[PDB]
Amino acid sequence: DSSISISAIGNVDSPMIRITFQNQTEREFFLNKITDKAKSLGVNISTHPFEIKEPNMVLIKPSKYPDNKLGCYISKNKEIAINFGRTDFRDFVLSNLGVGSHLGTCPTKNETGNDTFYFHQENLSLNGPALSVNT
């Protein structure tokens, strides 16, 4: 069992993604991948938006202009959105979480929102039930 749980949590102003792994080693495996990828793309994730929490969790913290462009926010049509800075970084993170593009909207490379994933409302809502991926 290497399943991952994904929830949207918090409040409208400060929404976050909670990613829960089966154990700390699986969490570390994921983190190593994304930190390695971000550095190559020049996306600065040194302290934002990912943050570990005990046990077994990685949070994606809120975006907040001007402090931080990356992170979670509620879109204008009430979808849970995540800004990843660069389209290749978005695609990499989603793939390595087992979040298929069919679960939301993933604007392509040269489109507005190319850096962002939006979950369909029916798939994920704020303080709603979790999704199980990589099952």
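Sequential numbering from 1, following the sequence displayed.
When 85 to 93 is weighed against 41 to 49, 41 to 49 comes out higher, by mean CA B-factor as recorded in the entry.
Annotation for 98 to 106 versus 74 to 82: the higher mean temperature factor (C-alpha) is found in 98 to 106.
For the set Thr20, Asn127, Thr112, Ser14, the PDB entry puts the maximum C-alpha B factor at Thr112. The PDB entry assigns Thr116 a C-alpha temperature factor belonging to the lowest third of its chain's modelled residues. Among all modelled residues in its chain, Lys61 ranks in the lowest third by Cα B-factor.
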